[PDB]
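Participant: Turn this into a structure:
(8 chains, ligands or ions: 9)
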Amino acid sequence: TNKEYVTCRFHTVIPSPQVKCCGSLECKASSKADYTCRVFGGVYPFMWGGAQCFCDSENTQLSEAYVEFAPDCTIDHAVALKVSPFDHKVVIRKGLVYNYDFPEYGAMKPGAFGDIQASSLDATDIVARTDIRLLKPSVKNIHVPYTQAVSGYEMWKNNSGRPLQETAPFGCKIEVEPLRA
Amino acid sequence: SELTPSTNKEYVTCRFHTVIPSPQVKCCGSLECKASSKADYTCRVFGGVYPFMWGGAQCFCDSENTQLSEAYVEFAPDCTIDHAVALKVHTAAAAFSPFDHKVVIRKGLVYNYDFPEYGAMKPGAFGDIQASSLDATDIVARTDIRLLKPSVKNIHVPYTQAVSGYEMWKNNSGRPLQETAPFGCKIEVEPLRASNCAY
Amino acid sequence: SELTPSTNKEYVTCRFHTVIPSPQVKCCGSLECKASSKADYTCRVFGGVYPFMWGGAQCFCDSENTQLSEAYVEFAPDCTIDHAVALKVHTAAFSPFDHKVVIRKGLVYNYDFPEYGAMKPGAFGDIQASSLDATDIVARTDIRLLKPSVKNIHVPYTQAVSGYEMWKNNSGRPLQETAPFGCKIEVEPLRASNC
Amino acid sequence: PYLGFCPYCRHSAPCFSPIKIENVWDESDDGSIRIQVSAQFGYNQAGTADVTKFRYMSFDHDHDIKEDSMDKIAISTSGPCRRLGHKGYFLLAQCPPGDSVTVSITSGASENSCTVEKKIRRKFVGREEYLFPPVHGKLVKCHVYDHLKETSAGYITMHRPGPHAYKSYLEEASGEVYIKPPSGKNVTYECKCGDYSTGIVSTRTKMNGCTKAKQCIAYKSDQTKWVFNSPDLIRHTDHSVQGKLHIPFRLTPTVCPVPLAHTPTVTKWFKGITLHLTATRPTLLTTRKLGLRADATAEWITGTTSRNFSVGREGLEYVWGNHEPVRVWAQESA
Amino acid sequence: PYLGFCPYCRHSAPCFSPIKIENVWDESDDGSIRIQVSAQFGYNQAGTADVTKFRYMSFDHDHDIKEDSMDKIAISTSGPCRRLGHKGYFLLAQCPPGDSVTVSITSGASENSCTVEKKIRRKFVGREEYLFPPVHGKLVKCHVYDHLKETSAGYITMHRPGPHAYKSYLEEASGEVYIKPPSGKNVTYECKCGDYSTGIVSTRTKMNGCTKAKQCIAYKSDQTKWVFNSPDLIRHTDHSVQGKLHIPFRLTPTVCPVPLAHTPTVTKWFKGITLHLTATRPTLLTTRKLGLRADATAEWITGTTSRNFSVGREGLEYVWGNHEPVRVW
Amino acid sequence: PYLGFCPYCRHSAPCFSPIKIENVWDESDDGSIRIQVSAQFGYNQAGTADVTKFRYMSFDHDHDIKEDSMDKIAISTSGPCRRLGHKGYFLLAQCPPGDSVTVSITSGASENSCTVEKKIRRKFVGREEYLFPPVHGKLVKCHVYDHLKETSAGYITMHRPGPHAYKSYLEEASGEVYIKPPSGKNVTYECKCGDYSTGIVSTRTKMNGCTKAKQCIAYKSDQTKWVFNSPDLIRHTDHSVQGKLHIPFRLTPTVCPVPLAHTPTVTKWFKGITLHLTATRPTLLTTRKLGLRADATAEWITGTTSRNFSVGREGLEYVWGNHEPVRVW
Amino acid sequence: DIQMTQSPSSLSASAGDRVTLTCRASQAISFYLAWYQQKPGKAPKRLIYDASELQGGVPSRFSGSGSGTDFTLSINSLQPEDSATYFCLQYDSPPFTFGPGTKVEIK
Amino acid sequence: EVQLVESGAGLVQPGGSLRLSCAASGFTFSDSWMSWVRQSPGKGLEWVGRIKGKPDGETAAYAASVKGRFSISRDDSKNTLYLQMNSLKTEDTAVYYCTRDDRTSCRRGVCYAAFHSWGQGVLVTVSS
Ligand SMILES: *[C@@H]1O[C@H](CO)[C@@H](O[C@@H]2O[C@H](CO)[C@@H](O)[C@H](O)[C@H]2NC(C)=O)[C@H](O)[C@H]1NC(C)=O
Ligand SMILES: *[C@@H]1O[C@H](CO)[C@@H](O)[C@H](O)[C@H]1NC(C)=O
Ligand SMILES: *[C@@H]1O[C@H](CO)[C@@H](O)[C@H](O)[C@H]1NC(C)=O
Ligand SMILES: *[C@@H]1O[C@H](CO)[C@@H](O)[C@H](O)[C@H]1NC(C)=O
Ligand SMILES: *[C@@H]1O[C@H](CO)[C@@H](O)[C@H](O)[C@H]1NC(C)=O
Ligand SMILES: *[C@@H]1O[C@H](CO)[C@@H](O)[C@H](O)[C@H]1NC(C)=O
Ligand SMILES: *[C@@H]1O[C@H](CO)[C@@H](O)[C@H](O)[C@H]1NC(C)=O
Ligand SMILES: *[C@@H]1O[C@H](CO)[C@@H](O)[C@H](O)[C@H]1NC(C)=O
Ligand SMILES: *[C@@H]1O[C@H](CO)[C@@H](O)[C@H](O)[C@H]1NC(C)=O
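Facilitator: Numbering: from 1, shown residues only, chains lettered A, B, ... in the order given. Ligands and ions are numbered 1, 2, ... in the order given. What follows is the structure:
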């Protein structure tokens, strides 16, 4: 077996919103996982002070969106391998073996298994396609609105079915680290 | 393009509030049934009750203890907004009409639902109350209000009642005509019309 | 009309009280299971368990510290009201009753209960005694005692659900609205009125 | 503030309580519930309206009006409901879903609670269920209870009290009956021990010819109080219309936010479209054709799934939740 | 007032608590429950019956007996339960529906609690389900728990307490064992370091030939108490019957209120009838013919609908809820 | 700490609260959740570690930091939740599930809370679900949140706060904007009343060329404070990483007890078996053949029933709950 | 190459009335349309970028909305220094194509 | 305010070369995208080319008819925009503009920018 990628539940984190509400703001393209830059117009934001915006008109808003691993991902994660009761594409999840046909590395599909991809749990070269987009804020105080499809890891968890330890025929128990029958 | 019919209001309906007047007790005389103009007015004579409020004796002469109870129905206070209006529609100026002959409007959501005529009363169905206006005193109703004989020592009037046919129709209204009318057009109210409807 | 049969009482049944006797431990010796005449008496002997009570000590021998696990049942204390009594009928003085009838709180059922001694657990009739106060209770409710796993003392048991409650769930409708020919069933004594 | 026969008192059985709920209104879109109670809320003893204290009917034999404060009342269905407004005979509260509504006064160690049956269920506005109003969303039409108490939603009708008899006014001793009025309060009595007889006394007075305690009725002449048309009291003989007081907490038409669901991803094939949906909550999808036949399909969609819809030349319009209606037309790419 | 191995103690894990629920009874038709607890309620220090305060043993190595009061007991399943009555090993409480039962003593900050499993289901009597007993209805025959406290539903049996050893009765010093009993009371000691040896001590006593603390035991002779047959406690050698308390709060018969549904509207047709029904709650309809085959049909009805039944010449009987069986031909 | 836009305040509408749950995780096998708020616990006014009390943000215009005792904090989802641990920003909770999570402070008569959406459920480990882990059963592999607070499951990043401006810092009188800083704290300022103008001032000073009160912005430079990278606050112009704080209460591996179901009665029939099962709770039964075709079946069975499986010469294998594999031919 | 259409091309009107101008895109641009205007003999000036939000430097009577292939340019009041030729640009893929324009004049 | 001035245009021989200048001032020059705008008499507006910033590598895109013939050469030391155009055809007689592009969205790395600033425009005549 060789390791293509690992996947787990992604953590939705948003940097703090820039409003310099007289002149335009410029963002920078970053190598973050599923990094997105958008600029937004007139919101005239409020904080607890209630007045953070000189030039009540002319407003510009900056917001960024990216995903990164949830802090529990060193335990609750799935490993995708390619390798007989084993199919050509197998999925390892906490000692349970599933013969899922996961998408290839670089071919991310939102709302499905393997929507976020990285080589290791500590790897910084994370790629993701979660179909995240930014919406125009309408309420008078400051916030970021965003809509996004659900985690395909949790949806695949729901429809995983039985693992290969009860699926593989000829009465043999699948054992993990390394994969074997 | 606005297609509006000729509209006239037949009655307005909502969920009905069963108000109960306080019962009155003749000691051991005889009370009689008096006819009223209230909606679904029902009155009758029972025999001995011997009521109990706090002291154990609200009434002497225990045998032949006739008690007269009253019950009628009128408009609930929240029906000024939460109400359904019955309407007749006529020819509207290959002619096409998305509306049926009978139409029901509620909260802007429009329904081409068959409703009974004024006075053709149905218990447990739509139109269980009919009146020309919300503040009109000419309320008419026939929702099959039947009362029961009290048996417990205390004074209390019992009744069994059918469920609100307004509430039953609200559970089973189905899809309103705004998103099922053919030729792709939203239905807008005040006045009732169809906007930008291609045919 | 009074169509009444001649009936006899076979047994009574109700929910069971699974009482457990207090476990006994030979600290450093050996035990043999005895043979009592209780209802579903089941006693089997284990090895060294080394139990604790509150201060972390009950015996002085890490091995040969055997334990006696005991379990049996009787009637539950509420059984003088919510109990079902098995009756068998004869020629009645057409009969709407079947050959085996069950009475419970005035409701009569035409249920084919197993006979006195033909016992499998998990269904109706899982407890038999001749009367409510009868001490010759016999039962077969597949009680099995397991080995204690945690260091603190307990006796575990895995046992089936109440066949009385299962039959109650799968009761159906009584013969007061099930017997034909418009016959009103009444009790004390068992009879069919206005048939 | 009369006393009513509550259908469920504190222990198990129905009894007479001054906090009886007559009926329950739960038509507001936000999930607020306004309660008619048989006590008066927001007035002192003399009649001056003050927020911090209310009045009720006291558990004693002269039926004087006794007063408690706001901090000892409670509303609950399954958890504790919070109070938002109160005026006169009525309440308003925000409540979790349940099967019944309660009011309860906590007079130290003396607890009195009334509970009435009402199937309260959570309700929403729009085409998808939502628990709390979101930060982001478009704005649609809703109707809420008005939080200000100086508004009128209708008129309630109340009249004069009837003859409300007690047992403490009359006692039987040595084969004779007696009537004991309180200090300075004239009390009417009426009885039948032979011929009919009425009478008004203020002091302790004997009645001749009476030997049974169940046979006479004594009650105070109470003109200065008004009682609502409840079925738990004996009415006066002249039960004509006398006064109308307001119903606060009107349904006001206002604006409400609803969330945005996930916009579907379009898949194109020949004379038909496949829609891929993601939805954490059930959201309504309404499709209709743009020709002679509407062909309406109705479904509540939860989770992630895919729906196939056939599209003709005349067109098709699908609305996903509260979104703007998207109309689509099929080409002839065979 | 003993302590058992409660399956759900205060945080998460099982532990030994003096308020363990041993067995649970919920067969009354109003939904109240009798909780049988490891402690006993309603007795003072000398054992004189008083309502205001109760028994438990505490978490110390003398296991002597202290008192708390009625205002510190709390019973809950999903919401708080109201207390109905108490003597000794038994309770009574009216509870909301839930999945498990829980009693608790609130000793200041000591939130001592025990929880066992009993899936409590709300139940009714009759042929109509109801949230509350109505103010109007017929008077029928169900069964209630008795509120009178000196009733008797059965009996329980108790025996003498067994060996309750401790480790603080011993102490280890320089590879040797010593027995330190509490002052003023005699403590039975037993130890095995080769030959089997018993005896009695009352003061500071040296035992020879022993190196570790895991092979000697000690317990005071407690024959002045009675203990129930609980499965979490060791027993005495002579395990004979030595006592009998009653089981109060007996299931007693009474009269019972049930509601009545609306009378259906009957529509007649040729060899058949039509039932125009309204019912806000699930109610039972049982129908039968008067012929050779009874044709027993029974269904539970929610909402409003219309049912058609064919009526033969022999006749038909329908029972709508708890109403009288109305006979037709 | 920082203050943000809570999605649910007291009456009906969202507002600002100091105790926002930005996110909440629920992956632990006992149902325990970990809760962060914007404020920190376990620290005093200066920041020294003190368990009994915490600090939070004041509701005034000088925006100082106050402190309160931790005995007044309350956490609830449907009923109240029991507190287990705390370190800085974080909590942890254990309670039966609800549709939302609440943390609530009761500062006398001033009660403040915050509520966000999370669909927490009752989770199990093994093959049968269970209300509480029983006294007896197999010890299987499970993952739980650690009780010990000196753990590290990751890191979060903190950056400098931005311009936290106020309306009370400006005053409007006679058509001229005045800015009054507080005593001893310089407050810088910036606005467009014509050309670009920037300075720092600590005293009430007049300002030229301004006509409307909302035209200008004043804020104090708090560079001695660290705030979490939240989407509800303003950050500094240099958004560089400058510190990392741990994630305590790691998902630690341990052993958990699970219940064992009743051992079924096997009825042997010619090339077929019958499983006589009893189950109070739903128990997973999974079978497969020992041949070329697995013929795998899985059902979740409630109550008592019987299941029939045909048995071939290659053999069959079934697992009943958490029991060991049982093989037949 | 992505083709730009500009309909209509002659929408002369008066002050304060209702004028709606559209710029259809051929392929599915999400929201990347920028709105321009041209004084005669002067430099161009941007009005609305990202097709929904108002750029700083312009009054609040200009507004736009739309996504996909149809977009709008809603003018609240035709104050008489709005006499210009309005332009629309896509900035999604190369080459960036300008519309032919609409000569709006006020007399 | 961003100042953009054009200079260096005039009457030249067809099939030759010239060098014009757009001196950019008023912004951070090292991280801004520069584009060029061409206007025809009788036709609409035409795009010429785009260049990127210093972290991108100063790469250059171009239109269909200007590939291999136009050369944009930026320099950060003096902050000006140059255009080395060669092989002047008869379709290059136009009025040119130099623009500044601020980026509005960087969806998954690639940045899409509109035309923010503008010059006054200078006219070039390629005839004989
Ligand atoms: C909806 O329509 C699509 C086609 O647009 C169906 O997809 C086909 O599915 C079958 C079975 O998997 C495949 O053999 C075809 O190759 C698929 N076509 C393509 C190219 O997509 C899909 O099954 C339909 N879903 C339903 C029936 O709801
Ligand atoms: C998971 O999948 C099942 C179908 O197998 C579906 O019923 C369920 O709603 C999905 N999600 C949940 C809530 O588990
Ligand atoms: C409404 O009708 C539908 C379909 O019969 C039913 O499922 C639903 O429970 C009804 N709701 C009520 C409360 O009437
Ligand atoms: C009881 O009987 C019903 C009959 O429909 C069945 O559905 C149910 O599973 C049985 N079990 C229990 C205890 O409810
Ligand atoms: C009651 O009425 C009688 C007759 O009017 C009068 O004499 C008596 O003083 C009154 N008592 C009082 C003070 O109410
Ligand atoms: C201890 O034992 C001695 C000898 O039997 C006896 O005299 C003494 O009273 C006992 N003390 C007690 C009962 O604690
Ligand atoms: C019942 O009979 C009526 C009247 O003939 C008929 O309209 C209706 O369809 C019948 N309903 C059923 C369920 O058979
Ligand atoms: C800032 O305030 C300090 C006193 O707190 C003062 O010493 C310092 O000079 C001030 N800085 C400025 C504005 O110069
Ligand atoms: C299974 O088969 C046995 C005979 O092999 C039969 O007794 C039993 O009823 C059957 N059960 C089912 C559900 O088929």
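Participant: how about the strands of chain H, start to end?
Facilitator: Using DSSP state E, the strands of chain H run over H:3-7, H:11-12, H:17-25, H:33-39, H:45-51, H:60-62, H:70-75, H:80-86, H:94-101, H:103-107, H:110-113, H:122-126.
Participant: Now the one helix or strand residue D:81 maps to: buried residues?
Facilitator: Following DSSP states H and E, one finds residue D:81 within strand D:80-94. Neighbour-count burial for strand D:80-94 flags D:81, D:84-94 (criterion: 16 or more other C-beta atoms under 10 Å in any protein chain shown). Every residue, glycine included, has its C-beta placed from N, CA and C.
Participant: Spatially central, which residue of chain G would that be?
Facilitator: residue G:35 (4.1 Å; C-alpha atoms, centre = their mean).
Participant: what about that one, is that helix, strand or coil?
Facilitator: strand (DSSP: H, G, I helix; E, B strand; the rest coil).
Participant: Chain neighbours aside, what residue packs nearest to residue H:30?
Facilitator: Distances taken as C-beta to C-beta, 6 or more residues apart in numbering or on different chains put residue H:54 closest to residue H:30, at 4.7 Å, once the chain neighbours are dropped.
Participant: mind checking how far the residue nearest to the centre of chain G is from residue G:65?
Facilitator: Separation of residue G:35 from residue G:65 (C-beta to C-beta, to the nearest Å) stands at 11 Å.
Participant: okay, and the common contacts of these two?
Facilitator: residue G:51 (C-beta atoms under 8 Å, 6 or more residues apart in numbering or on different chains).
Participant: Against which helices or strands is the strand holding residue D:81 packed?
Facilitator: Packing contacts for strand D:80-94, counted by 3 or more C-beta pairs under 8 Å, 6 or more residues apart in numbering or on different chains; DSSP states H and E, involve strand D:32-41, strand D:73-76.
Participant: Tell me which of those sits nearest to chain H.
Facilitator: Nearest of those to chain H, taken as C-beta to the nearest C-beta: strand D:32-41 at 42.5 Å.
Participant: The closest one packs against which elements?
Facilitator: Strand D:32-41 packs on strand D:21-25, strand D:53-57, strand D:80-94, strand D:100-107, strand D:138-145, going by 3+ C-beta pairs under 8 Å, 6+ apart.
Participant: Run the chain-centre distance for the lengthiest helix in chain A.
Facilitator: Longest helix in chain A by number of residues (criterion: DSSP state H): helix A:152-158. Chain-centre distance of helix A:152-158: 13 Å, with C-alpha atoms, centre = their mean, to the nearest Å.
Participant: okay, the helices and strands packed on strand D:80-94, which one's buried deepest?
Facilitator: Highest mean neighbour count of those: strand D:32-41, a mean of 22 (counted as mean count of other C-beta atoms under 10 Å in any protein chain shown).
Participant: which outside residues touch it?
Facilitator: D:1-4, D:17-26, D:28, D:54-57, D:75, D:81, D:84, D:86-95, D:101, D:103, D:120, D:144-145, D:228, D:230, D:249.
Participant: Next: stretch A:45-56.
Facilitator: So stretch A:45-56 is in contact with A:17, A:19, A:21-22, A:44, A:59, A:61, A:140-142, F:3, F:16, F:61, F:63, F:163-170, F:190-192, F:214-217, F:219, F:233-234, G:56, going by C-beta under 8 Å, 6+ apart.
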